[PDB]
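In what follows, a structure is listed as structure tokens, so that the remarks can point back to it.
Every residue, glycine as well, gets a Cβ built from its backbone with ideal geometry; the counts of neighbours run over all protein chains shown. No lab work stands behind these numbers, since they all come straight from the coordinates.
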Amino acid sequence: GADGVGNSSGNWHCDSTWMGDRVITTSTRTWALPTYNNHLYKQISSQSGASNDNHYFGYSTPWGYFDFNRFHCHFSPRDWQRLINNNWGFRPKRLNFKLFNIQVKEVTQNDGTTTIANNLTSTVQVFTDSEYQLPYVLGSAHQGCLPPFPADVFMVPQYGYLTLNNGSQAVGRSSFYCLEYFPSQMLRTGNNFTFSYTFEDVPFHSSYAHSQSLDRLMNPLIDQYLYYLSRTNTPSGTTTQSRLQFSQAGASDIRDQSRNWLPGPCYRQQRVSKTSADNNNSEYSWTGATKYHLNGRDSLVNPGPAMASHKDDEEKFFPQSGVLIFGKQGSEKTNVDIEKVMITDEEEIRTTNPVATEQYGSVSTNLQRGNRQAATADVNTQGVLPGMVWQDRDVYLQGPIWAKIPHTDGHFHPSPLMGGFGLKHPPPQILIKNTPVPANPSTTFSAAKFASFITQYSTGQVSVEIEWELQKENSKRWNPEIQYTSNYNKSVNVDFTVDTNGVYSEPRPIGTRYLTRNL
Amino acid sequence: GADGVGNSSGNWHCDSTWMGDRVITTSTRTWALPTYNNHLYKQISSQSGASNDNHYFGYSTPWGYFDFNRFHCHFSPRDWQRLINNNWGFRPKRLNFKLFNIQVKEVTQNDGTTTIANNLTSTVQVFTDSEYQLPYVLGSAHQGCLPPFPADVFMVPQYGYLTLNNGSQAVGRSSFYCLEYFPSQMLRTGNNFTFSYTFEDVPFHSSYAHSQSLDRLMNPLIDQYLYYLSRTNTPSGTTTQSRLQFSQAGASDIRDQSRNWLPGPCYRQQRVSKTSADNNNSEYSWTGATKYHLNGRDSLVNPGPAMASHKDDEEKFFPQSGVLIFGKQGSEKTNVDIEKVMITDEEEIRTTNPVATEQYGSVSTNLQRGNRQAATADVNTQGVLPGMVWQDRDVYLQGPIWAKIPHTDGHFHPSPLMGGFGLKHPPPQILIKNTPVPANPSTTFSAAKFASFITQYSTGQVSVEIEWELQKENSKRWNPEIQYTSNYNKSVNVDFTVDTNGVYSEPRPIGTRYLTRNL
Amino acid sequence: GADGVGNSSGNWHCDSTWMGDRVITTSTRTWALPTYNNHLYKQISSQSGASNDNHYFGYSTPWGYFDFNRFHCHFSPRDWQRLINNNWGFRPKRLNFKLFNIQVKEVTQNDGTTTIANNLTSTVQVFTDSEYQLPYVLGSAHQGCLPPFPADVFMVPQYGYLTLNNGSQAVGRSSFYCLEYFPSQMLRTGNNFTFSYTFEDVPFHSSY
């Protein structure tokens, strides 16, 4: 699209409509973009000394990108609630994007006095990496997505990436991608950039919780017909004499019943409690946390494989890195106290996946014989096994929406671990930069790189609309399901509202599983 | 096909052409075939005493088979190089085979003097087991495939197989397949045997190395928004008092960052070093090597599941059985010294799969509390887990090309472990035998089995052409990729050449990953 | 072309005719071919010490080649004379080649006594490097072309070539061409191999 200077390049679309089966969440926000790295690509690396587990090598670019991989960039409390309360599941189908009403300003810091003014002509160029030839950054839970609250103006993030490294230094194989080596489209004012995408058949996120659970799944009333090993030894006057007898598992017997499927896999996490007291006093934050390691650098295992966060009656506990944790609007960056964060809870799964903090089961160790007692041992890490079945990490309104499946020789069940939809070809990276403006050059020629540009930034609005599909409920469940509600009682502030000084804020994390489906 | 005696049953096709997307490697070689087991099927078994882990039972047949399950039976250094240097990947599509110019000779060892001459009439019969009713031997890394070097004449291997066994003895279930119970086609001279095959949709072998790596994958510039557990206890005058505080992972924080996918699986191997010194002195060749075991016989775990062979700066090490090892042209059969072999290296993977010699990660053990320190333990064997992603063993010019997927109730990701393409219905076994020639029988009848045949063998050439598909490169990588080159400096002998006495020889193993794709 | 065992795969053409403007010199000769380097490619180099101006590095092949880059393989004194006496100049235009009546023998040196006999089946394979992907040796004034005199039987030369070298040793850039990496056509007896060529506009040799 194209037009004039006194012509709005696009209108403001920010609705949300439900169609019974679909529902489209349109949404627009105003943004701003500075000139990063003063227009140059800069090489960047870990700090020489820095622990090995923390080295790196890569580049930062003068390019800034766009991102809305956060559910709340599309759903509004209320809306989300609608969804989350009457749908067995849902998934994204297609999207449409558009930047417009772009405007380029140029600040002038003459002595003790700045003065911003329109640089009409100068441009901002955009380009979408629709061929995925660029290090996909999104999906890395970074923060600089869209504001949950419309009215909020925002700054565009700067693109940076990482290649290979042998400590703080580069290794040859590492590649250096240059963003100008693409065909950016250049916008001036009166210019807009639209583009549209279509998702790929993915599974509806399961937005329901299970009423039955693996173990308790058969019918009480009837005993099976298969037998199991009831007792081993037997009374012989005073002493026992080994004599194995078997029984037919019934209701009273349950624990012993024969089955057909196994809980999901696991990778044991340390348990910490919301109650300061209980927790051993010391620094096992890193030392005790569950991790894995590549090329000799141990990394953390955050968002561990999807597994319930606490047994019955222990909402007080949680994994050291088995859950998602968001900050309460305002919460500072580092070492903030428990009271400043919102920890997610995944009890809803208990029913199928193991509890993060407790071992999977316990396999037998030795082979018993008359002169040898029967061994056994608990298992803290069980990789996928036939017959296992499980549930993936719920979603949360202010959580990630999707993530790119890495291009590898092999993947195994790609639901992104941080939760979300695992996409092979996700929404392409959208980039934006401000074509430089060489400030006054010298009369006599010089072949040096230009270094003195006009100080200036851009701004303008952006809009994103997405169509989601739904799987409606359908249970013959007689008694009421659970629903997500807002507290009745009076409060000094409404949840998901602007305070007295107009600061919007999300009180709690809102999950997705409320409706109840049987297993 | 058919014709006369003074008529070449086929010409010599040994080209190789590239078409931009495909590339066909035609190739012909001269061969020779003796008469095995003096024409009879012989029962064969382990040696009574022999360690249990080494028993067996099966048969050897008078039949010899054909095989080219080695990349170099089709690619020529140069060619291979072309491929390997400009292609994100490739795979086989179809093939065509033909035997021809068959000729049957008959030696005469009269006293101190042999004398070979043409037995025109007598025949050689061939037959392809296109229904896979015969124990698929190929794929077992046996040696008797085609000569890498054209000019080389070769001997055809003899077919043998193995069934069940209870120690050195047979067990009933074990089957005994007889090769005459097939409809062999019989060739006399002037007769040729052609046949063609078509591969099945398989995945292009990934012939590229990764520039990013799981851990270092997100964007440096921006800190995430999810929080993790920064510290546990806290300064209380003199003493610490447990007080968990959380932080928002940033660049400096990296190791702690939240992610979305896990390294490939693992099965720990012992580390040995190319440097004699380091290595503990003793015999842990078997005792210390990683293995598994069926029906009480521990077998070795060679070509362990695909996993990088050494961390940064340790090209000197390697798994005890985690790598492929070829002999330097000439190297004898047993206990040959390190200097006689070429060990493959899979550093290229590091980026996704764990290091063979070092544990996967470390899960937590106990549940901590005030009166209990936080436990933890390293994991040396991790079975596939959701979110895991990885790369398969590279290929190597002189490596296997494919392998038959065993007919079972269940497989999991069939890329053959020794590397190659996992095929459900691979190129059918091709067999060949020389119809016997009863040497002079007695005038008076006898119903005994004939035992005195004419001494004779066969020869003639064989040709195999195969069409491979390619996936061309396509990265916006600015700086140069790595390529495979031959050393500039002078040398007494060219690599992949015949020495002074015309002995072709492959200097080093050549992999496949050189081109660099992002993760 | 193809046929049987008791069938001459080609006749003997050895004429020479003048047409006023053209003149065609046909010519046939009998030849023989051993098995070189006992069937293998052998690496070859100057003799370590040997003056520098005389070092080299290259290979010898089990392959033998054909050559008639000598005017007398086509002209007969007399003929040549005709030409040479009444023509301001001349040049070649096209050619046609054919091998035939191929026969493979096999000697038997049993003790103090050899005995040659027909190995009917076995073959001889031929192939023309029509894409010039092989080190062009001919033109190097080598000797093993055709006999000037028809009646003369001859032996076929063996193919060998030279690459780069840093003294008596090889240098990487040097290439090693393998003759089997071509699609040889295989002849058995009763088999013939013909092929034809066409020269390119060149200047008449000034014969005045």
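The residues on offer are A:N69, A:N101, and the sole one that is of a type in the set (S, T, N, Q), crowded, with 17+ Cβ neighbours inside 10 Å, within 23 Å of A:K433 (Cα to Cα) and touching a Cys at 6+ places or on another chain (Cβ under 8 Å) is A:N69. Just one of the listed residues (C:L83, C:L99) is in contact (Cβ under 8 Å) with a residue 12 or more places away in the chain and under 13 Å from C:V23 (Cβ atoms), and it is C:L83. Of the numbered criteria (1) surrounded by 15 or more Cβ atoms within 10 Å (Cβ to Cβ); (2) over 15 Å from A:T25 (Cα atoms), the one A:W80 fails is (2). The one condition from (1) buried (at least 20 other Cβ atoms within 10 Å of the Cβ); (2) within 10 Å of chain B (Cβ to nearest Cβ); (3) touching a strand residue (DSSP E or B) at 6+ places or on another chain (Cβ under 9 Å); (4) in contact (Cβ under 8 Å) with a residue 24 or more places away in the chain that A:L300 does not meet is (4). Per the conditions (1) assigned to a loop (DSSP other than H, G, I, E, B); (2) within 14 Å of another protein chain (Cβ to nearest Cβ); (3) touching a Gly at 6+ places or on another chain (Cβ under 9 Å), the sole criterion not satisfied by B:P509 is (2).
Taken as a whole, the range B:380-400 holds no residue that is exposed (fewer than 15 other Cβ atoms within 10 Å of the Cβ), assigned to a loop (DSSP other than H, G, I, E, B), facing chain A (nearest Cβ under 7 Å) and not small (G, A, S).
Annotation for the range B:270-288: at least one member residue is within 14 Å of chain A (Cβ to nearest Cβ), under 24 Å from the mean Cα position of the chain (by Cα), in a strand (DSSP E or B) and within 30 Å of B:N52 (Cα to Cα). When the range C:118-133 is filtered for residues that are in a loop (DSSP other than H, G, I, E, B) and either within 14 Å of chain B (Cβ to nearest Cβ) or touching a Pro at 6+ places or on another chain (Cβ under 9 Å) (or both), the ones remaining, listed by number, are C:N119, C:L120, C:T121, C:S122, C:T123, C:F127, C:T128, C:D129, C:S130, C:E131, C:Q133. Restricting attention to the range B:455-505, the residues that are of a type in the set (V, I, T), within 13 Å of chain C (Cβ to nearest Cβ) and more than 20 Å from B:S76 (Cα to Cα) add up to 3. Residues that are farther than 25 Å from A:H425 by Cα and in contact with a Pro (Cβ under 8 Å, 6 or more places away or on another chain) within the range A:181-197 are absent altogether. Given the condition touching a helix residue (DSSP H, G or I) at 6+ places or on another chain (Cβ under 7 Å) and of a type outside the set (A, V, I, L, M), answer yes or no: does some residue in the range A:223-230 qualify? Yes, the range A:223-230 contains a residue that is touching a helix residue (DSSP H, G or I) at 6+ places or on another chain (Cβ under 7 Å) and of a type outside the set (A, V, I, L, M). Can you pull out the residues in the range C:160-176 that are surrounded by 17 or more Cβ atoms within 10 Å (Cβ to Cβ), part of a loop (DSSP other than H, G, I, E, B) and more than 7 Å from chain B (Cβ to nearest Cβ)? Once the filter is applied, which keeps residues that are surrounded by 17 or more Cβ atoms within 10 Å (Cβ to Cβ), part of a loop (DSSP other than H, G, I, E, B) and more than 7 Å from chain B (Cβ to nearest Cβ), the range C:160-176 yields C:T163, C:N165, C:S168. Note on the range B:189-267: no enclosed strands (runs of 3 or more DSSP E) hold 2 or more residues that are buried (at least 22 other Cβ atoms within 10 Å of the Cβ), within 7 Å of chain A (Cβ to nearest Cβ) and among the charged types (D, E, K, R). Hey, any hits in the range B:326-336 for a residue that's surrounded by 14 or more Cβ atoms within 10 Å (Cβ to Cβ) and assigned to a strand (DSSP E or B)? So far as the range B:326-336 goes, yes, one or more of its residues are surrounded by 14 or more Cβ atoms within 10 Å (Cβ to Cβ) and assigned to a strand (DSSP E or B). Scanning the range A:337-346 for residues that are facing chain B (nearest Cβ under 7 Å) and either assigned to a helix (DSSP H, G or I) or touching a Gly at 6+ places or on another chain (Cβ under 7 Å) (or both) yields A:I338, A:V341.
From the list B:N353, B:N371, B:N440, B:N380, the one residue that fits, being touching a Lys or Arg at 6+ places or on another chain (Cβ under 6 Å) and of a type in the set (S, T, N, Q), is B:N380. For B:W88, the conditions (1) more than 21 Å from the chain's Cα centre (by Cα); (2) within 13 Å of another protein chain (Cβ to nearest Cβ); (3) among the hydrophobic types (A, V, I, L, M, F, W, C); (4) within 24 Å of B:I401 (Cα to Cα) all hold with the exception of (1).
I'd like to check something: does the range A:402-424 contain any residue that is surrounded by fewer than 22 Cβ atoms within 10 Å (Cβ to Cβ), assigned to a loop (DSSP other than H, G, I, E, B) and more than 10 Å from chain B (Cβ to nearest Cβ)? Checked against the condition, which is being surrounded by fewer than 22 Cβ atoms within 10 Å (Cβ to Cβ), assigned to a loop (DSSP other than H, G, I, E, B) and more than 10 Å from chain B (Cβ to nearest Cβ), the range A:402-424 yields at least one hit. Taking the range B:1-32 as the range and being of a type in the set (S, T, Y), part of a strand (DSSP E or B) and buried (at least 16 other Cβ atoms within 10 Å of the Cβ) as the test, the residues that pass are B:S16, B:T25, B:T28, B:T30. In the range B:359-379, the residue that is nearest to A:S362 (Cα to Cα) out of those that are more than 7 Å from every other protein chain (Cβ to nearest Cβ), out of contact with any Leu (no Cβ under 9 Å at 6 or more places or on another chain) and of a type outside the set (D, E, K, R) is B:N366.
Residue under question is C:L179, and the condition is that it be of a type in the set (A, V, I, L, M), surrounded by 14 or more Cβ atoms within 10 Å (Cβ to Cβ), within 13 Å of chain B (Cβ to nearest Cβ) and not in a strand (DSSP E or B); does it hold? Criteria met by C:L179.
Are any of the residues in the range A:50-62 under 23 Å from the mean Cα position of the chain (by Cα) and under 30 Å from A:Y208 (Cβ atoms)? No, that holds for no residue. Under the condition of being under 24 Å from B:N69 (Cβ atoms) and surrounded by fewer than 21 Cβ atoms within 10 Å (Cβ to Cβ), the residues counted in the range B:431-461 number 1. Counting only strands (runs of 3 or more DSSP E) that sit wholly inside the range C:38-117, those with at least 1 residues that are of a type outside the set (D, E, K, R) and farther than 30 Å from C:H205 by Cβ are C:42-45, C:57-64. Looking only at residues of the range B:275-292 that are in contact (Cβ under 8 Å) with a residue 24 or more places away in the chain and touching a strand residue (DSSP E or B) at 6+ places or on another chain (Cβ under 7 Å), we find that the one that is nearest to A:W286 (Cα to Cα) is B:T290. Taken over the range B:480-515, residues that are surrounded by 17 or more Cβ atoms within 10 Å (Cβ to Cβ) and either at positive phi or among the β-branched types (V, I, T) (or both) amount to 7.
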